[PDB]
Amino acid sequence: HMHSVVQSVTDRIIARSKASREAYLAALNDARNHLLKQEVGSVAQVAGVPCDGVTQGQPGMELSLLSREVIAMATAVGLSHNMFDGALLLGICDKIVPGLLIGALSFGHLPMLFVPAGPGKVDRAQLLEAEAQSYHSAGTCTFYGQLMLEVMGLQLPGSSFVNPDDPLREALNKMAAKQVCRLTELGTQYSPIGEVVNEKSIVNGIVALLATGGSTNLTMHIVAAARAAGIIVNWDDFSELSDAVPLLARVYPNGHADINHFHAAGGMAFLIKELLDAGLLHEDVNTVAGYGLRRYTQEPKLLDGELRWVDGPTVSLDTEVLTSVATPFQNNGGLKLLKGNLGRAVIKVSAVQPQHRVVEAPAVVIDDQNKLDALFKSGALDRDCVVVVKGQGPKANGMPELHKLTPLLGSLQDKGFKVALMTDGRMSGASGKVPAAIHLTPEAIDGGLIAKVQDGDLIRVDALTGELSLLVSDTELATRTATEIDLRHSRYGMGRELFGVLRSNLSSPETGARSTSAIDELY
């Protein structure tokens, strides 16, 4: 009983991935026929024998996306010893996990499980893990101030929210080990990761990303992970799914409540039940815990020393943090595609007031986010304008998160000016109140129309119709020469010398910003 939009988009993805997915699974068959994590992420391998961390400096931030590719390759090297009947993956989040996932799908014939570490007066959370206290008591004390792997059934149900030092966490580490052995090709329950990752589970990951108000960074990683598995997903999928997926959670970047507060309110077991009930998640999937996604509506407990899974909550205890689909924060995910002569981008409109969703204003062009403050201080932005930030894509400088953009433009909007952002890069990944067209493609150095934009040019960002237009004629654009962007300082320093070949081959954000190839593209 699936929602018509989710069923439609799923079918579209299946159709579009037909050949690539068939080739991936054929290759997989050929392959058959043959605690403190300040950064210790590793790949443990089964039948038990035991990888690169994070990178978010200042110029080190220009290696963050690139480190996913490095993690993927490093995973492949570890697994290339080929004496494993299955594997275990020990990874944090955001930059790590997608990299591991990508690398793991190269060995898609093996069963695998992700083993999370988890997220003070730690007394209460332990009492809850062990029956001693109810959800009521956990909720109230967190009130006094990896989700993708959950919906995709790539780790044990409710395993990511157990505190690291907890004896339940110890039990869940033991169960993870035993379970992979049961998922081996030997028989009974053969569940290879390249099969657990499929069109339905990918779609499931997207809707959960949308229902939780997750980072726009994960849009690239979901697409990169899926591509590795022969599954082709684009921005039309995200934008059209968003229209059907309600917003159900307010987690820190959007509000004050942290992940533990989210969990105490009801958590993934509640969210997944709601989406299942609404026909927003595919139930008919194989997971690392067995068949059927309804297994992920259950929560682990350590009762009398015995690890048990019990029924999760059916009501939210805190409707300011977590909500039901009947009465959501918003009846959609706020992720929209923008198209026009400028190309293709995405926008989060979730925190953008309807009055601010359409901006038509003269352009203000910079090729470095640091140039913005001097322009702001000279009063050059104290008017309606679209601030264009170019040379910020994957190929230009490794696509660093741009944190210096939203605050000033927000204050410009607050003063009553009509303002918008347009970049071939990205911000923190969070949702702002200022309309921002992000991940613009083709990027400036790829010859995208953004490179020809001049100060004064009218740019229309219309999040209502999905239009992104530079209001100059094709003929006037033929006369223009794009200004040369000086990238010399983005090419060396902080180890950047090492990544020129990878950075230069990064694909478009919509194609996952990959430097790697999928099995099927060479099969």
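For every residue, the number given is its place in the sequence shown, counted from 1.
Undergrad: From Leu477 on to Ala478, does the model leave out none, 1 to 3, 4 to 9, or 10 or more residues of the deposited sequence?
TA: In the deposited sequence, nothing is left without coordinates between these two.
Undergrad: Between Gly493 and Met494, determine how many residues of the deposited chain lack coordinates; answer none if the chain runs continuously, otherwise 1 to 3, 4 to 9, or 10 or more.
TA: Per the record, no deposited residues are absent between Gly493 and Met494.
Undergrad: Per the record, averaged over C-alpha atoms, which has the higher B-factor: 308-316 or 340-348?
TA: On average, C-alpha B-factors are higher across 308-316.
Undergrad: Looking at the deposited entry, does 258-266 or 355-363 carry the larger mean Cα B-factor?
TA: Going by the record's values, the stretch with the higher mean is 258-266.
Undergrad: Highest Cα B-factor in the deposition, which of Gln298, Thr216, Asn234, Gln126?
TA: Of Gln298, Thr216, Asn234, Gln126, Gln126 has the highest C-alpha B-factor.
Undergrad: Per the PDB entry, which option out of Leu210, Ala74, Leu293, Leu186 has the greatest Cα B factor?
TA: Checking the PDB record, the top C-alpha B-factor among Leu210, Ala74, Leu293, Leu186 is at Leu186.
Undergrad: When the modelled residues of the chain are sorted by Cα temperature factor, does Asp30 land in the lowest, middle or highest third?
TA: For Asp30, the deposited C-alpha B-factor lands in the highest third.
Undergrad: Splitting the chain's C-alpha B-factors into thirds, which one does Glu131 fall into?
TA: Within its chain, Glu131 is a highest-third residue by C-alpha B-factor, going by the deposited values.
Undergrad: Consider only the C-alpha atoms of the modelled residues in this chain, order them by B-factor as the entry records it, and name the third containing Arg460: lowest, middle or highest.
TA: Answer is middle: the recorded C-alpha B-factor places it there.
Undergrad: Could you say whether, by C-alpha temperature factor, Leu440 belongs to the lowest, middle or highest third of its chain?
TA: Lowest third, going by the recorded CA B-factors of the chain.
Undergrad: What third of its chain's C-alpha B-factors does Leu90 belong to: lowest, middle or highest?
TA: Highest third.
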